[PDB]
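**Student:** Sequence, then the experimental structure. Questions to follow.
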Amino acid sequence: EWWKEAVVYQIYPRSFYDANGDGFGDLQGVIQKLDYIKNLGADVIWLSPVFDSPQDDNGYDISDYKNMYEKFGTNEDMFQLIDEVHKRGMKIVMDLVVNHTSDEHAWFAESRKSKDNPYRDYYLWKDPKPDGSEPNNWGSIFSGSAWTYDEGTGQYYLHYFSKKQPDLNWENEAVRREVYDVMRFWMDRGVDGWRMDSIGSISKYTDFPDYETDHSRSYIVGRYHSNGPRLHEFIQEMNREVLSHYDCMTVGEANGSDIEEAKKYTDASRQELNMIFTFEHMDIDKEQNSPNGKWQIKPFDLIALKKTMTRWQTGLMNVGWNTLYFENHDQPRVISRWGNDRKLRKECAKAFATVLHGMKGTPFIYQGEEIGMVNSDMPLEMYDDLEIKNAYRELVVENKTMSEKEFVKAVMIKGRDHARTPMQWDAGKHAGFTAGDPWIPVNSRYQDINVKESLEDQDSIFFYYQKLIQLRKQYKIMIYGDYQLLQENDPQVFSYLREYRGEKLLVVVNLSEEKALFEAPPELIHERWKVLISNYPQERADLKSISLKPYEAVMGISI
Ligand SMILES: [Mg+2]
């Protein structure tokens, strides 16, 4: 199946390329940069959402599923982009955002008017408690209550995300049919599949039970906010009614997923999705359940990363399918978050790339990952993300569960905007992203980190990623081999083995700044190896003992 063999490039289009000079990346901009993505080697593009939206959550609040936001272009531009992607032998996946809509969606504008409105039950309306307070103690992912009051009708509406993102009612068959109609519209026009936003959220516990509480917080985000009792029923219906009718790829953003939930989503026999994104490997550098959420930061712990990625490799080794990512439009640049983004930036980028791309599953490259883009030094007032603005107010100002200094530090590590400053094309004004004024400033380091210099440098991170993708296409063990964690207890080295029809692929990466030592286990000492890729000058190829330099990475194949 082409999706098992694919390498996906994720574009965040408001920040990819601005062709028309208004500082906002657009769909003609994407068209003009397709050749770049094909030369890198990705064969699937996932486009973050371009549908009409007031941009409260930068597109993830959709006000019209069947039209583009005007700054992206029109539907004609989107149709042309589909054609251009196809002419290049590539596939295009769109972002399906159907847990919620914008509150400016016509459905919601209607729903809120009156209880007798035909769109009332498209959304999730509940009575206040007797004292007027919220139906229950559920919180929003973007701080505060998950419920907002409507004075006109005397009820609260549910929003797991912003108050401008009211949740749809999947108990209503008309809502499910509307979704299906949206899916068909775009698939009939050549969309090759969907990344399904917050897909773990679509089924609610319709009794709306309160969480138990520790009194550490007023509003709680927990186990009711994902993996609802009808979740898989709904996805199986979506497959029967839609997905089974097209040659398509699906990847779910599966909030709340663990390895068993992943099997329910991804086992081919269940006729649901092809693969999901989990957050468990992204969760390893927060406390489990602080009131401060993801902002309660822990240092990078390689043993935790090994444990989690291994659990996922083994759990979907022979059933289901993994995604492989360290970056997207919600995560900081991995090298700044967990590594060295200064003197060892190249080595470190390549090392994280090698660990990820040597595993079983479909790899995802986030725009700019391939050139080693880094987190930004911009001051807090320059950040745009509502998540940060809301968390500052709740955690720092109101509840005082974090100090200002601790919050700023956490934002500088994990803010989503580190992913959203514009793609860095060259060393000219605004890194060549725009001839105008960009919607957010370009990262201050762009003159050193950009496509132009990367393509001039045979040692670039770019050429490394290009090579990793070629190797995947050349060596079917990379796609189909199994997985075994080696030297498991080593606190610096991430090493593992894949095996497929008598061949072996050995991946050894020092994820640390200091020297380390890899010694192959006894059963591999008499293997002969050919080095497929390394991020340091020398060979290769006596892999039974490797004195590892900082961030050294090597992949070998048995011969
Ligand atoms: Mg523009």
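**Tutor:** Yep, it's here. Numbers count the residues shown, from 1 in each chain.
**Student:** drop to CA atoms for contacts and neighbour counts, all remaining ones
**Tutor:** Fine.
**Student:** Reduced to three states, what does the most centrally placed residue in the chain come out as?
**Tutor:** For the chain, residue 328 is the residue whose C-alpha lies nearest the centre (CA atoms, centre = their mean; 4.0 Å). Secondary structure assignment for residue 328 (DSSP: H, G, I helix; E, B strand; the rest coil): coil.
**Student:** what's near enough to touch it?
**Tutor:** Applying CA atoms under 8 Å, 6 or more residues apart in numbering to residue 328 gives the contacts 10, 365-367, 419.
**Student:** Pick out the residue in the stretch 401-550 of the chain sitting closest to the ion.
**Tutor:** Using CA to the ion, the single residue of the stretch 401-550 of the chain nearest to the ion is residue 434, 8.0 Å away.
**Student:** Cross-check the contact I'm expecting between residue 341 and residue 352.
**Tutor:** No. If you go by CA atoms under 8 Å, residue 341 and residue 352 don't touch, sitting 12.0 Å apart.
**Student:** Mutual contacts of those two, please.
**Tutor:** Residues touching both residue 341 and residue 352 (CA under 8 Å, 6+ apart): residue 335.
**Student:** separation between the residue in the stretch 251-400 of the chain positioned nearest to the ion and residue 97?
**Tutor:** Ranked by CA to the ion, the top residue of the stretch 251-400 of the chain for proximity to the ion is residue 367, at 17.4 Å. Residue 367 sits 21 Å away from residue 97, going by CA to CA, to the nearest Å.
**Student:** now do residue 448
**Tutor:** Applying CA to CA, the value for residue 448 to residue 97 is 36 Å.
**Student:** So which of these two has more stuff around it?
**Tutor:** Neighbours were counted for residue 448 and for residue 97 using other CA atoms under 10 Å; residue 97 has more, 22 against 15.
**Student:** Does residue 422 lie in a helix or a strand, and which?
**Tutor:** Using DSSP states H and E, residue 422 falls within no helix or strand.
**Student:** what do you get for residue 364?
**Tutor:** strand 362-366.
**Student:** Kindly report the same for residue 356.
**Tutor:** Short version, using DSSP H and E: residue 356 is in helix 345-357.
**Student:** Give me the helices and strands touching that helix, please.
**Tutor:** helix 334-338, helix 461-474, strand 503-510, strand 553-558 (3 or more CA pairs under 8 Å, 6 or more residues apart in numbering; DSSP states H and E).
**Student:** Please give the element, helix or strand, for residue 276.
**Tutor:** Here residue 276 is assigned to strand 275-277, by DSSP H and E.
**Student:** just residue 273 next, same as before
**Tutor:** Short version, using DSSP H and E: residue 273 is in no helix or strand.
**Student:** if we can go back for a sec, quick check: the residue of the stretch 251-400 of the chain closest to the ion touching residue 8?
**Tutor:** No. The pair residue 367 / residue 8 is not scored as a contact, 10.3 Å apart, by CA under 8 Å.
**Student:** And residue 132, how far from residue 543?
**Tutor:** 68 Å.
**Student:** Those two: which has the busier surroundings?
**Tutor:** Applying other CA under 10 Å to residue 132 and residue 543 shows that residue 543 carries more neighbours, namely 24 against 12.
**Student:** can you map out the strands along the stretch 1-150 of the chain?
**Tutor:** For the stretch 1-150 of the chain, the strands defined by DSSP state E, counting those that start in this stretch cover 8-11, 44-47, 51-52, 64-68, 91-96, 125-126, 147-150.
**Student:** count of neighbours near the closest residue in space to residue 117 that isn't next to it in sequence?
**Tutor:** Leaving out its chain neighbours, the residue that sits closest to residue 117 by CA to CA, 6 or more residues apart in numbering is residue 111, at 6.1 Å. By other CA under 10 Å, 21 other residues sit near residue 111.
**Student:** Now do residue 111 against residue 121, distance only.
**Tutor:** From residue 111 to residue 121 the distance is 7 Å (CA to CA).
**Student:** now swap in residue 241 and tell me
**Tutor:** 22 Å.
**Student:** and what of residue 213?
**Tutor:** Residue 213 sits 30 Å away from residue 121, going by CA to CA.
**Student:** which one of those two has more residues nearby?
**Tutor:** residue 121 (21 against 11).
**Student:** Contacts only, for the more buried one.
**Tutor:** Contacts of residue 121 by CA under 8 Å, 6+ apart are 111, 169, 172.
**Student:** Among those, which ones are in helices?
**Tutor:** Counting by DSSP state H, the part of these found in helices is residue 111.
**Student:** Closest one of the contacts of residue 121 to the ion?
**Tutor:** The shortest approach to the ion among the contacts of residue 121 belongs to residue 111, at 33.2 Å (CA to the ion).
**Student:** if I pick the closest one, what's in contact with it?
**Tutor:** With contact taken as CA under 8 Å, 6+ apart, residue 111 is in contact with 117-123.
**Student:** just residue 56 next, same as before
**Tutor:** Taking CA under 8 Å, 6+ apart, we find residue 56 in contact with 162, 164, 386.
**Student:** May I ask which of those has the most neighbours?
**Tutor:** residue 162 (27 neighbours).
**Student:** for it, helix, strand, or coil?
**Tutor:** Going by three-state DSSP: residue 162 is coil.
**Student:** From residue 477, how far out is it?
**Tutor:** With CA to CA as the criterion, residue 162 and residue 477 are 44 Å apart.
**Student:** what's the answer for residue 484, then?
**Tutor:** 13 Å.
**Student:** And the two? Which one has more around it.
**Tutor:** Neighbours per residue, other CA under 10 Å: of residue 484 and residue 477, the larger number sits with residue 477, 23 against 15.
**Student:** residues contacting the residue nearest to that one when sequence neighbours are not counted?
**Tutor:** In this structure, residue 477 finds its nearest non-sequential neighbour in residue 500, 5.5 Å apart by CA to CA, 6+ apart. For residue 500, the contact set (CA under 8 Å, 6+ apart) comprises 477, 480-482.
**Student:** Residue 500 bridge partners, please.
**Tutor:** residue 503 (DSSP bridges).
**Student:** Now do the strand holding residue 276: distance to the chain's middle.
**Tutor:** 10 Å (CA atoms, centre = their mean, to the nearest Å).
**Student:** Contacts for that strand, please.
**Tutor:** By CA under 8 Å, 6+ apart, the surrounding residues in contact with strand 275-277 are 250-255, 262, 265-266, 320-324.
**Student:** what does stretch 177-187 give?
**Tutor:** 65-66, 98, 193, 238, 241-242, 246.
**Student:** for that stretch, the distance to its chain's centre please.
**Tutor:** Relative to its parent chain, stretch 177-187 has a centroid offset of 23 Å by CA atoms, centre = their mean.
**Student:** quick one: buried residues of that stretch?
**Tutor:** 179-180, 182-184, 186-187 (16 or more other CA atoms under 10 Å).
**Student:** Could you do stretch 503-510 as well?
**Tutor:** 504-510.
**Student:** can you put those in CSV and add distance to the ion?
**Tutor:** Output for the buried residues of stretch 503-510, formatted as CSV (distance: CA to the ion, whole Å):
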residue, distance to the ion
504, 48
505, 44
506, 45
507, 42
508, 43
509, 40
510, 41
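**Student:** which of those residues lies closest to residue 553?
**Tutor:** Closest to residue 553 out of the buried residues of stretch 503-510 is residue 509 (4.2 Å), distances taken as CA to CA.
**Student:** Contacts only, for the closest residue to residue 78 other than its chain neighbours.
**Tutor:** Once flanking residues are discounted, residue 78 sits nearest to residue 27: 6.7 Å by CA to CA, 6+ apart. Contacts for residue 27 (CA under 8 Å, 6+ apart) come out as 13, 72-73, 77-78, 81.
**Student:** Narrow the residues you listed to those in helices?
**Tutor:** Going by DSSP H, the helices hold 77-78, 81 from those.
**Student:** what's the closest of the residues you listed to residue 455?
**Tutor:** residue 81 (24.8 Å).
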